[PDB]
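J.: Submitted below is the structure of interest, expressed as structure tokens.
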There are 2 protein chains.
Amino acid sequence: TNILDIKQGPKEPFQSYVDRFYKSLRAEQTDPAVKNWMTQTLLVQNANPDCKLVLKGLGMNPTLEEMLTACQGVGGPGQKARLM
Amino acid sequence: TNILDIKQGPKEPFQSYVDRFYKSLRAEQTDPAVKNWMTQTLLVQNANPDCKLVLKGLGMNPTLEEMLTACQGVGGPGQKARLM
């Protein structure tokens, strides 16, 4: 049940947060159907405001790769490399 | 060739920019293959920095609906409604 407390830090890169989220998820997952709901709903809800904004803009059922791509650099100065 | 000069304003909503972009595009489009390239490359390049960031995070070949969804409210205080 610790997965409900896994929350992204204000300056933590999304990749680091995802890594910690899936480590606790893979250990204590109850059902394969519950695990799917955690990866597409709970993961977004516990992200920081900067990444939570980007994730909610991704529409329905975003894959993990699409989330990692969209959140790369988000929350710091690194995302500005997209603009050049 | 005016389509190359259609650029999103710093405070213009993405929906307004898309509307102006497609109006000029549908009039002067040369090839159906050129039109496809303008909707997925030129549209992103001429967006403002706020929306250009979000669009480049969408990965490969984003549909117009996915772009409109991701950019809703981006560039103003309206996007914060996602976080609550």
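For the structure tokens, the naming scheme is as follows: chains receive sequential letters (A, B, ...) according to their order of presentation, residues are indexed from 1 within each chain, and ligands are indexed from 1 in presentation order.
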Using only C-alpha atoms, which residues sit within 7 Å of region 56-66 of chain B once same-chain residues fewer than 3 positions away are excluded, as a PyMOL selection string?

T.: (chain A and resi 59+66+69-70+82) or (chain B and resi 40+52-53+69-70)

J.: Put chain B on top of chain A with a least-squares fit on all C-alpha atoms, paired in order, and send it back as a PDB file with N, CA and C atoms, in the first residue's frame.

T.:
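The result, stored in part_23.pdb:
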```pdb
ATOM      1  N   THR B   1       0.830  -1.199   0.000  1.00  0.00           N
ATOM      2  CA  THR B   1       0.000   0.000   0.000  1.00  0.00           C
ATOM      3  C   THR B   1       0.870   1.257   0.000  1.00  0.00           C
ATOM      4  N   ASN B   2       2.191   1.067   0.113  1.00  0.00           N
ATOM      5  CA  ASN B   2       3.114   2.198   0.078  1.00  0.00           C
ATOM      6  C   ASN B   2       3.062   2.929  -1.254  1.00  0.00           C
ATOM      7  N   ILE B   3       2.597   2.258  -2.311  1.00  0.00           N
ATOM      8  CA  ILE B   3       2.545   2.879  -3.630  1.00  0.00           C
ATOM      9  C   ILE B   3       1.708   4.151  -3.603  1.00  0.00           C
ATOM     10  N   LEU B   4       0.688   4.202  -2.741  1.00  0.00           N
ATOM     11  CA  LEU B   4      -0.148   5.391  -2.632  1.00  0.00           C
ATOM     12  C   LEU B   4       0.609   6.593  -2.085  1.00  0.00           C
ATOM     13  N   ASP B   5       1.730   6.374  -1.398  1.00  0.00           N
ATOM     14  CA  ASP B   5       2.522   7.458  -0.833  1.00  0.00           C
ATOM     15  C   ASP B   5       3.698   7.867  -1.709  1.00  0.00           C
ATOM     16  N   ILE B   6       4.000   7.110  -2.761  1.00  0.00           N
ATOM     17  CA  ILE B   6       5.090   7.456  -3.670  1.00  0.00           C
ATOM     18  C   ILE B   6       4.679   8.703  -4.444  1.00  0.00           C
ATOM     19  N   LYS B   7       5.328   9.830  -4.160  1.00  0.00           N
ATOM     20  CA  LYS B   7       5.014  11.087  -4.821  1.00  0.00           C
ATOM     21  C   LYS B   7       6.285  11.712  -5.374  1.00  0.00           C
ATOM     22  N   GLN B   8       6.174  12.291  -6.566  1.00  0.00           N
ATOM     23  CA  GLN B   8       7.322  12.908  -7.214  1.00  0.00           C
ATOM     24  C   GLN B   8       7.715  14.186  -6.484  1.00  0.00           C
ATOM     25  N   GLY B   9       9.019  14.373  -6.299  1.00  0.00           N
ATOM     26  CA  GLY B   9       9.532  15.584  -5.709  1.00  0.00           C
ATOM     27  C   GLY B   9       9.358  16.765  -6.639  1.00  0.00           C
ATOM     28  N   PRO B  10       9.387  17.980  -6.087  1.00  0.00           N
ATOM     29  CA  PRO B  10       9.203  19.169  -6.936  1.00  0.00           C
ATOM     30  C   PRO B  10      10.288  19.337  -7.984  1.00  0.00           C
ATOM     31  N   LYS B  11      11.506  18.876  -7.706  1.00  0.00           N
ATOM     32  CA  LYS B  11      12.614  18.967  -8.647  1.00  0.00           C
ATOM     33  C   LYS B  11      13.076  17.602  -9.140  1.00  0.00           C
ATOM     34  N   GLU B  12      12.374  16.533  -8.778  1.00  0.00           N
ATOM     35  CA  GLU B  12      12.785  15.194  -9.182  1.00  0.00           C
ATOM     36  C   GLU B  12      12.430  14.961 -10.647  1.00  0.00           C
ATOM     37  N   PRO B  13      13.369  14.488 -11.466  1.00  0.00           N
ATOM     38  CA  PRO B  13      13.030  14.152 -12.853  1.00  0.00           C
ATOM     39  C   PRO B  13      12.009  13.027 -12.899  1.00  0.00           C
ATOM     40  N   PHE B  14      11.136  13.090 -13.907  1.00  0.00           N
ATOM     41  CA  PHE B  14      10.068  12.103 -14.033  1.00  0.00           C
ATOM     42  C   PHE B  14      10.626  10.687 -14.121  1.00  0.00           C
ATOM     43  N   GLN B  15      11.775  10.525 -14.782  1.00  0.00           N
ATOM     44  CA  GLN B  15      12.385   9.205 -14.911  1.00  0.00           C
ATOM     45  C   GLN B  15      12.744   8.625 -13.548  1.00  0.00           C
ATOM     46  N   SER B  16      13.281   9.456 -12.651  1.00  0.00           N
ATOM     47  CA  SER B  16      13.592   8.992 -11.301  1.00  0.00           C
ATOM     48  C   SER B  16      12.327   8.604 -10.548  1.00  0.00           C
ATOM     49  N   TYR B  17      11.277   9.419 -10.664  1.00  0.00           N
ATOM     50  CA  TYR B  17      10.012   9.117 -10.002  1.00  0.00           C
ATOM     51  C   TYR B  17       9.417   7.814 -10.524  1.00  0.00           C
ATOM     52  N   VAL B  18       9.388   7.650 -11.849  1.00  0.00           N
ATOM     53  CA  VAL B  18       8.870   6.423 -12.453  1.00  0.00           C
ATOM     54  C   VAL B  18       9.641   5.207 -11.955  1.00  0.00           C
ATOM     55  N   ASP B  19      10.966   5.326 -11.855  1.00  0.00           N
ATOM     56  CA  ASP B  19      11.776   4.206 -11.387  1.00  0.00           C
ATOM     57  C   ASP B  19      11.360   3.777  -9.983  1.00  0.00           C
ATOM     58  N   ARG B  20      11.208   4.742  -9.071  1.00  0.00           N
ATOM     59  CA  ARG B  20      10.791   4.417  -7.710  1.00  0.00           C
ATOM     60  C   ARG B  20       9.361   3.893  -7.677  1.00  0.00           C
ATOM     61  N   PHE B  21       8.490   4.447  -8.523  1.00  0.00           N
ATOM     62  CA  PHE B  21       7.092   4.026  -8.550  1.00  0.00           C
ATOM     63  C   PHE B  21       6.972   2.563  -8.958  1.00  0.00           C
ATOM     64  N   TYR B  22       7.685   2.169 -10.015  1.00  0.00           N
ATOM     65  CA  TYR B  22       7.565   0.807 -10.523  1.00  0.00           C
ATOM     66  C   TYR B  22       8.251  -0.209  -9.620  1.00  0.00           C
ATOM     67  N   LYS B  23       9.301   0.197  -8.905  1.00  0.00           N
ATOM     68  CA  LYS B  23       9.951  -0.726  -7.980  1.00  0.00           C
ATOM     69  C   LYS B  23       9.000  -1.137  -6.862  1.00  0.00           C
ATOM     70  N   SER B  24       8.316  -0.162  -6.258  1.00  0.00           N
ATOM     71  CA  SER B  24       7.339  -0.488  -5.226  1.00  0.00           C
ATOM     72  C   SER B  24       6.106  -1.162  -5.813  1.00  0.00           C
ATOM     73  N   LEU B  25       5.746  -0.824  -7.053  1.00  0.00           N
ATOM     74  CA  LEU B  25       4.566  -1.416  -7.674  1.00  0.00           C
ATOM     75  C   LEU B  25       4.777  -2.896  -7.972  1.00  0.00           C
ATOM     76  N   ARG B  26       5.911  -3.238  -8.587  1.00  0.00           N
ATOM     77  CA  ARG B  26       6.174  -4.624  -8.959  1.00  0.00           C
ATOM     78  C   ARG B  26       6.266  -5.547  -7.751  1.00  0.00           C
ATOM     79  N   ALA B  27       6.581  -5.010  -6.572  1.00  0.00           N
ATOM     80  CA  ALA B  27       6.718  -5.852  -5.390  1.00  0.00           C
ATOM     81  C   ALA B  27       5.367  -6.174  -4.761  1.00  0.00           C
ATOM     82  N   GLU B  28       4.490  -5.180  -4.633  1.00  0.00           N
ATOM     83  CA  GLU B  28       3.263  -5.323  -3.860  1.00  0.00           C
ATOM     84  C   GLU B  28       2.004  -5.352  -4.717  1.00  0.00           C
ATOM     85  N   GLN B  29       2.129  -5.541  -6.029  1.00  0.00           N
ATOM     86  CA  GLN B  29       0.955  -5.539  -6.893  1.00  0.00           C
ATOM     87  C   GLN B  29       0.044  -6.715  -6.557  1.00  0.00           C
ATOM     88  N   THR B  30      -1.257  -6.439  -6.461  1.00  0.00           N
ATOM     89  CA  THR B  30      -2.240  -7.451  -6.088  1.00  0.00           C
ATOM     90  C   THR B  30      -2.816  -8.155  -7.315  1.00  0.00           C
ATOM     91  N   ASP B  31      -3.403  -7.393  -8.233  1.00  0.00           N
ATOM     92  CA  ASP B  31      -3.963  -7.948  -9.452  1.00  0.00           C
ATOM     93  C   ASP B  31      -3.293  -7.321 -10.668  1.00  0.00           C
ATOM     94  N   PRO B  32      -3.205  -8.051 -11.781  1.00  0.00           N
ATOM     95  CA  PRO B  32      -2.748  -7.416 -13.028  1.00  0.00           C
ATOM     96  C   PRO B  32      -3.661  -6.296 -13.492  1.00  0.00           C
ATOM     97  N   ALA B  33      -4.958  -6.375 -13.182  1.00  0.00           N
ATOM     98  CA  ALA B  33      -5.870  -5.292 -13.531  1.00  0.00           C
ATOM     99  C   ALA B  33      -5.676  -4.082 -12.629  1.00  0.00           C
ATOM    100  N   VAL B  34      -5.336  -4.305 -11.358  1.00  0.00           N
ATOM    101  CA  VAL B  34      -5.053  -3.192 -10.458  1.00  0.00           C
ATOM    102  C   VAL B  34      -3.741  -2.519 -10.839  1.00  0.00           C
ATOM    103  N   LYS B  35      -2.756  -3.311 -11.272  1.00  0.00           N
ATOM    104  CA  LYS B  35      -1.471  -2.749 -11.678  1.00  0.00           C
ATOM    105  C   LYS B  35      -1.624  -1.836 -12.887  1.00  0.00           C
ATOM    106  N   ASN B  36      -2.486  -2.213 -13.836  1.00  0.00           N
ATOM    107  CA  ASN B  36      -2.713  -1.369 -15.004  1.00  0.00           C
ATOM    108  C   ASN B  36      -3.322  -0.031 -14.607  1.00  0.00           C
ATOM    109  N   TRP B  37      -4.250  -0.041 -13.647  1.00  0.00           N
ATOM    110  CA  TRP B  37      -4.855   1.207 -13.195  1.00  0.00           C
ATOM    111  C   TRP B  37      -3.840   2.101 -12.492  1.00  0.00           C
ATOM    112  N   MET B  38      -2.893   1.508 -11.762  1.00  0.00           N
ATOM    113  CA  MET B  38      -1.896   2.314 -11.068  1.00  0.00           C
ATOM    114  C   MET B  38      -0.924   2.973 -12.036  1.00  0.00           C
ATOM    115  N   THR B  39      -0.597   2.304 -13.143  1.00  0.00           N
ATOM    116  CA  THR B  39       0.373   2.852 -14.083  1.00  0.00           C
ATOM    117  C   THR B  39      -0.189   3.990 -14.923  1.00  0.00           C
ATOM    118  N   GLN B  40      -1.510   4.065 -15.087  1.00  0.00           N
ATOM    119  CA  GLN B  40      -2.123   5.079 -15.933  1.00  0.00           C
ATOM    120  C   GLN B  40      -2.934   6.116 -15.171  1.00  0.00           C
ATOM    121  N   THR B  41      -3.246   5.875 -13.898  1.00  0.00           N
ATOM    122  CA  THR B  41      -3.985   6.839 -13.088  1.00  0.00           C
ATOM    123  C   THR B  41      -3.183   7.293 -11.876  1.00  0.00           C
ATOM    124  N   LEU B  42      -2.751   6.362 -11.021  1.00  0.00           N
ATOM    125  CA  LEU B  42      -2.039   6.735  -9.802  1.00  0.00           C
ATOM    126  C   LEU B  42      -0.697   7.386 -10.114  1.00  0.00           C
ATOM    127  N   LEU B  43      -0.007   6.907 -11.153  1.00  0.00           N
ATOM    128  CA  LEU B  43       1.273   7.500 -11.528  1.00  0.00           C
ATOM    129  C   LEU B  43       1.113   8.975 -11.881  1.00  0.00           C
ATOM    130  N   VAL B  44       0.040   9.319 -12.592  1.00  0.00           N
ATOM    131  CA  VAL B  44      -0.190  10.712 -12.965  1.00  0.00           C
ATOM    132  C   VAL B  44      -0.586  11.539 -11.747  1.00  0.00           C
ATOM    133  N   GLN B  45      -1.455  10.991 -10.893  1.00  0.00           N
ATOM    134  CA  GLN B  45      -1.966  11.745  -9.751  1.00  0.00           C
ATOM    135  C   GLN B  45      -0.868  12.111  -8.762  1.00  0.00           C
ATOM    136  N   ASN B  46       0.146  11.264  -8.617  1.00  0.00           N
ATOM    137  CA  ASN B  46       1.204  11.506  -7.648  1.00  0.00           C
ATOM    138  C   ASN B  46       2.410  12.229  -8.236  1.00  0.00           C
ATOM    139  N   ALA B  47       2.351  12.634  -9.502  1.00  0.00           N
ATOM    140  CA  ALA B  47       3.421  13.431 -10.077  1.00  0.00           C
ATOM    141  C   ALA B  47       3.361  14.860  -9.541  1.00  0.00           C
ATOM    142  N   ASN B  48       4.459  15.591  -9.727  1.00  0.00           N
ATOM    143  CA  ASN B  48       4.501  16.981  -9.306  1.00  0.00           C
ATOM    144  C   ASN B  48       3.668  17.839 -10.257  1.00  0.00           C
ATOM    145  N   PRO B  49       3.311  19.065  -9.849  1.00  0.00           N
ATOM    146  CA  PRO B  49       2.459  19.896 -10.721  1.00  0.00           C
ATOM    147  C   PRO B  49       3.021  20.118 -12.117  1.00  0.00           C
ATOM    148  N   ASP B  50       4.343  20.240 -12.255  1.00  0.00           N
ATOM    149  CA  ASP B  50       4.929  20.486 -13.569  1.00  0.00           C
ATOM    150  C   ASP B  50       4.720  19.298 -14.503  1.00  0.00           C
ATOM    151  N   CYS B  51       5.013  18.086 -14.026  1.00  0.00           N
ATOM    152  CA  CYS B  51       4.813  16.900 -14.853  1.00  0.00           C
ATOM    153  C   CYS B  51       3.350  16.480 -14.923  1.00  0.00           C
ATOM    154  N   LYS B  52       2.575  16.721 -13.862  1.00  0.00           N
ATOM    155  CA  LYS B  52       1.157  16.376 -13.897  1.00  0.00           C
ATOM    156  C   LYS B  52       0.427  17.160 -14.982  1.00  0.00           C
ATOM    157  N   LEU B  53       0.831  18.413 -15.209  1.00  0.00           N
ATOM    158  CA  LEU B  53       0.257  19.201 -16.297  1.00  0.00           C
ATOM    159  C   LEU B  53       0.485  18.521 -17.641  1.00  0.00           C
ATOM    160  N   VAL B  54       1.733  18.137 -17.916  1.00  0.00           N
ATOM    161  CA  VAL B  54       2.084  17.543 -19.202  1.00  0.00           C
ATOM    162  C   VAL B  54       1.386  16.201 -19.391  1.00  0.00           C
ATOM    163  N   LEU B  55       1.318  15.394 -18.330  1.00  0.00           N
ATOM    164  CA  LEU B  55       0.736  14.059 -18.438  1.00  0.00           C
ATOM    165  C   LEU B  55      -0.753  14.120 -18.755  1.00  0.00           C
ATOM    166  N   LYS B  56      -1.480  15.037 -18.114  1.00  0.00           N
ATOM    167  CA  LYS B  56      -2.907  15.158 -18.381  1.00  0.00           C
ATOM    168  C   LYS B  56      -3.193  15.665 -19.787  1.00  0.00           C
ATOM    169  N   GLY B  57      -2.233  16.333 -20.420  1.00  0.00           N
ATOM    170  CA  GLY B  57      -2.392  16.736 -21.800  1.00  0.00           C
ATOM    171  C   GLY B  57      -2.199  15.636 -22.816  1.00  0.00           C
ATOM    172  N   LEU B  58      -1.836  14.435 -22.374  1.00  0.00           N
ATOM    173  CA  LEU B  58      -1.527  13.329 -23.272  1.00  0.00           C
ATOM    174  C   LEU B  58      -2.751  12.522 -23.686  1.00  0.00           C
ATOM    175  N   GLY B  59      -3.935  12.858 -23.179  1.00  0.00           N
ATOM    176  CA  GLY B  59      -5.137  12.163 -23.602  1.00  0.00           C
ATOM    177  C   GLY B  59      -5.356  10.853 -22.862  1.00  0.00           C
ATOM    178  N   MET B  60      -5.962   9.900 -23.566  1.00  0.00           N
ATOM    179  CA  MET B  60      -6.369   8.632 -22.976  1.00  0.00           C
ATOM    180  C   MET B  60      -5.284   7.577 -23.129  1.00  0.00           C
ATOM    181  N   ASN B  61      -5.129   6.763 -22.088  1.00  0.00           N
ATOM    182  CA  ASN B  61      -4.251   5.598 -22.098  1.00  0.00           C
ATOM    183  C   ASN B  61      -2.860   5.862 -22.686  1.00  0.00           C
ATOM    184  N   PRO B  62      -2.076   6.757 -22.083  1.00  0.00           N
ATOM    185  CA  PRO B  62      -0.715   6.989 -22.585  1.00  0.00           C
ATOM    186  C   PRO B  62       0.209   5.874 -22.116  1.00  0.00           C
ATOM    187  N   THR B  63       1.026   5.366 -23.034  1.00  0.00           N
ATOM    188  CA  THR B  63       2.005   4.359 -22.662  1.00  0.00           C
ATOM    189  C   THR B  63       3.099   4.985 -21.803  1.00  0.00           C
ATOM    190  N   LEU B  64       3.861   4.123 -21.127  1.00  0.00           N
ATOM    191  CA  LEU B  64       4.957   4.613 -20.299  1.00  0.00           C
ATOM    192  C   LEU B  64       5.982   5.371 -21.134  1.00  0.00           C
ATOM    193  N   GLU B  65       6.279   4.878 -22.339  1.00  0.00           N
ATOM    194  CA  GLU B  65       7.243   5.562 -23.195  1.00  0.00           C
ATOM    195  C   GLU B  65       6.754   6.953 -23.581  1.00  0.00           C
ATOM    196  N   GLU B  66       5.459   7.091 -23.872  1.00  0.00           N
ATOM    197  CA  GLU B  66       4.916   8.405 -24.203  1.00  0.00           C
ATOM    198  C   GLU B  66       4.993   9.353 -23.012  1.00  0.00           C
ATOM    199  N   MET B  67       4.758   8.840 -21.801  1.00  0.00           N
ATOM    200  CA  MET B  67       4.885   9.671 -20.608  1.00  0.00           C
ATOM    201  C   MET B  67       6.333  10.094 -20.387  1.00  0.00           C
ATOM    202  N   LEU B  68       7.268   9.147 -20.510  1.00  0.00           N
ATOM    203  CA  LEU B  68       8.680   9.466 -20.322  1.00  0.00           C
ATOM    204  C   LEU B  68       9.162  10.470 -21.361  1.00  0.00           C
ATOM    205  N   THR B  69       8.703  10.327 -22.606  1.00  0.00           N
ATOM    206  CA  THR B  69       9.082  11.269 -23.654  1.00  0.00           C
ATOM    207  C   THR B  69       8.553  12.664 -23.349  1.00  0.00           C
ATOM    208  N   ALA B  70       7.275  12.758 -22.976  1.00  0.00           N
ATOM    209  CA  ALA B  70       6.654  14.059 -22.752  1.00  0.00           C
ATOM    210  C   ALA B  70       7.242  14.776 -21.545  1.00  0.00           C
ATOM    211  N   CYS B  71       7.686  14.033 -20.536  1.00  0.00           N
ATOM    212  CA  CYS B  71       8.170  14.625 -19.297  1.00  0.00           C
ATOM    213  C   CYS B  71       9.683  14.794 -19.252  1.00  0.00           C
ATOM    214  N   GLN B  72      10.397  14.428 -20.316  1.00  0.00           N
ATOM    215  CA  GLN B  72      11.849  14.565 -20.329  1.00  0.00           C
ATOM    216  C   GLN B  72      12.246  16.026 -20.172  1.00  0.00           C
ATOM    217  N   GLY B  73      12.979  16.323 -19.099  1.00  0.00           N
ATOM    218  CA  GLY B  73      13.424  17.670 -18.816  1.00  0.00           C
ATOM    219  C   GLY B  73      12.398  18.564 -18.159  1.00  0.00           C
ATOM    220  N   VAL B  74      11.132  18.147 -18.105  1.00  0.00           N
ATOM    221  CA  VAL B  74      10.082  18.971 -17.518  1.00  0.00           C
ATOM    222  C   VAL B  74      10.325  19.114 -16.023  1.00  0.00           C
ATOM    223  N   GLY B  75      10.217  20.343 -15.524  1.00  0.00           N
ATOM    224  CA  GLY B  75      10.522  20.644 -14.143  1.00  0.00           C
ATOM    225  C   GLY B  75      11.882  21.264 -13.923  1.00  0.00           C
ATOM    226  N   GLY B  76      12.649  21.487 -14.985  1.00  0.00           N
ATOM    227  CA  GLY B  76      13.935  22.131 -14.891  1.00  0.00           C
ATOM    228  C   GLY B  76      14.276  22.863 -16.173  1.00  0.00           C
ATOM    229  N   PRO B  77      15.529  23.303 -16.302  1.00  0.00           N
ATOM    230  CA  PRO B  77      15.954  23.997 -17.523  1.00  0.00           C
ATOM    231  C   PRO B  77      16.248  23.070 -18.690  1.00  0.00           C
ATOM    232  N   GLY B  78      16.192  21.752 -18.485  1.00  0.00           N
ATOM    233  CA  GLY B  78      16.572  20.827 -19.538  1.00  0.00           C
ATOM    234  C   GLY B  78      15.570  20.741 -20.670  1.00  0.00           C
ATOM    235  N   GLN B  79      14.285  20.957 -20.376  1.00  0.00           N
ATOM    236  CA  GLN B  79      13.265  20.855 -21.414  1.00  0.00           C
ATOM    237  C   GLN B  79      13.410  21.930 -22.484  1.00  0.00           C
ATOM    238  N   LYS B  80      14.108  23.028 -22.187  1.00  0.00           N
ATOM    239  CA  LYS B  80      14.284  24.090 -23.170  1.00  0.00           C
ATOM    240  C   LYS B  80      15.125  23.649 -24.361  1.00  0.00           C
ATOM    241  N   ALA B  81      15.851  22.534 -24.242  1.00  0.00           N
ATOM    242  CA  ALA B  81      16.617  22.020 -25.371  1.00  0.00           C
ATOM    243  C   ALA B  81      15.722  21.596 -26.529  1.00  0.00           C
ATOM    244  N   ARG B  82      14.431  21.364 -26.275  1.00  0.00           N
ATOM    245  CA  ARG B  82      13.509  21.066 -27.365  1.00  0.00           C
ATOM    246  C   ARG B  82      13.348  22.255 -28.301  1.00  0.00           C
ATOM    247  N   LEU B  83      13.403  23.473 -27.767  1.00  0.00           N
ATOM    248  CA  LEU B  83      13.129  24.684 -28.529  1.00  0.00           C
ATOM    249  C   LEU B  83      14.303  25.137 -29.388  1.00  0.00           C
ATOM    250  N   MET B  84      15.355  24.332 -29.503  1.00  0.00           N
ATOM    251  CA  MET B  84      16.524  24.716 -30.286  1.00  0.00           C
ATOM    252  C   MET B  84      17.376  23.507 -30.658  1.00  0.00           C
TER     253      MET B  84
END
```

J.: Which parts of region 10-83 of chain B does DSSP call helix (DSSP H, G or I) when run on the backbone here, written out as a JSON list (two decimals) with C-alpha atoms, in the first residue's frame?

T.:
```json
[["chain", "number", "residue", "atom", "x", "y", "z"],
["B", 14, "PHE", "CA", -3.37, 27.14, -29.79],
["B", 15, "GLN", "CA", -6.91, 26.64, -31.11],
["B", 16, "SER", "CA", -6.93, 30.16, -32.58],
["B", 17, "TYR", "CA", -3.50, 29.61, -34.15],
["B", 18, "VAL", "CA", -4.54, 26.25, -35.62],
["B", 19, "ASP", "CA", -7.67, 27.84, -37.09],
["B", 20, "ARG", "CA", -5.65, 30.52, -38.90],
["B", 21, "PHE", "CA", -3.00, 27.98, -39.95],
["B", 22, "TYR", "CA", -5.49, 25.61, -41.60],
["B", 23, "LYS", "CA", -7.42, 28.40, -43.33],
["B", 24, "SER", "CA", -4.31, 29.56, -45.18],
["B", 25, "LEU", "CA", -3.17, 25.95, -45.67],
["B", 26, "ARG", "CA", -6.39, 24.69, -47.27],
["B", 27, "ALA", "CA", -6.34, 27.57, -49.77],
["B", 28, "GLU", "CA", -2.76, 27.39, -51.07],
["B", 32, "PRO", "CA", -1.49, 16.32, -50.42],
["B", 33, "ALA", "CA", 1.94, 15.07, -49.36],
["B", 34, "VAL", "CA", 3.17, 18.63, -48.77],
["B", 35, "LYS", "CA", 0.03, 19.41, -46.76],
["B", 36, "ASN", "CA", 0.70, 16.45, -44.45],
["B", 37, "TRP", "CA", 4.23, 17.72, -43.77],
["B", 38, "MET", "CA", 2.92, 21.19, -42.94],
["B", 39, "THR", "CA", 0.37, 19.89, -40.42],
["B", 40, "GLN", "CA", 2.93, 17.83, -38.46],
["B", 41, "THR", "CA", 6.16, 19.85, -38.86],
["B", 42, "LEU", "CA", 5.48, 23.47, -39.87],
["B", 43, "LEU", "CA", 2.56, 23.80, -37.44],
["B", 44, "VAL", "CA", 4.84, 22.85, -34.53],
["B", 45, "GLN", "CA", 7.77, 25.01, -35.68],
["B", 49, "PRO", "CA", 7.59, 28.64, -27.09],
["B", 50, "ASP", "CA", 4.95, 27.58, -24.55],
["B", 51, "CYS", "CA", 2.99, 25.41, -26.99],
["B", 52, "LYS", "CA", 6.07, 24.35, -28.97],
["B", 53, "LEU", "CA", 7.42, 22.75, -25.77],
["B", 54, "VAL", "CA", 4.25, 20.69, -25.27],
["B", 55, "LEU", "CA", 3.98, 19.69, -28.94],
["B", 56, "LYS", "CA", 7.54, 18.36, -29.15],
["B", 64, "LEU", "CA", -4.49, 17.34, -34.71],
["B", 65, "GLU", "CA", -6.83, 16.26, -31.90],
["B", 66, "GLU", "CA", -3.87, 15.17, -29.76],
["B", 67, "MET", "CA", -2.17, 18.53, -30.36],
["B", 68, "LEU", "CA", -5.34, 20.47, -29.52],
["B", 69, "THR", "CA", -5.84, 18.40, -26.36],
["B", 70, "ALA", "CA", -2.25, 18.84, -25.18],
["B", 71, "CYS", "CA", -2.20, 22.59, -25.84],
["B", 77, "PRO", "CA", -3.78, 30.43, -16.48],
["B", 78, "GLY", "CA", -6.38, 28.11, -18.01],
["B", 79, "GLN", "CA", -4.18, 25.01, -18.12],
["B", 80, "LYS", "CA", -4.05, 24.96, -14.31],
["B", 81, "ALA", "CA", -7.62, 23.61, -14.32],
["B", 82, "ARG", "CA", -6.08, 20.22, -15.14],
["B", 83, "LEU", "CA", -4.43, 20.12, -11.70]]
```
